Amino acid sequence: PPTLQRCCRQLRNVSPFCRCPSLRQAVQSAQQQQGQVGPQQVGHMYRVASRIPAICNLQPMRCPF
Amino acid sequence: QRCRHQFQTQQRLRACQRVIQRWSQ
Ligand SMILES: [Cl-]
């Protein structure tokens, strides 16, 4: 399946209360696959991650971080 | 702790990591 659909499937398997915490851990982990990422780019990655629960139709639909 | 365990168990949200990288180029 396509990546976004796999993402929403993995996220859906996480408990609602754990989805925002888990997305924060994903942003951290994604940085390891890149190395030197500036603070502006890090903030953007959290912004993108923040949108994923709505895209997925998953509560809660936004993560403050 | 519950959330960490669920993250690890769901493949460390590896596809979401891919999403987040895709829109962060
Ligand atoms: Cl939901």
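Every number in this text was worked out from the coordinates using simple rules, so none of it is lab data.
Computed values, structure above
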quantity: The protein assembly as shown - Debye-derived log10 I(q)/I(0), Cα point model, q = 0.11, 0.14, 0.19, 0.21 Å⁻¹; calculated: -0.25, -0.40, -0.76, -0.93
quantity: Sequence-separation-based contact order of chain A, relative, with Cα cut under 8 Å and 6+ spacing, percent; calculated: 36
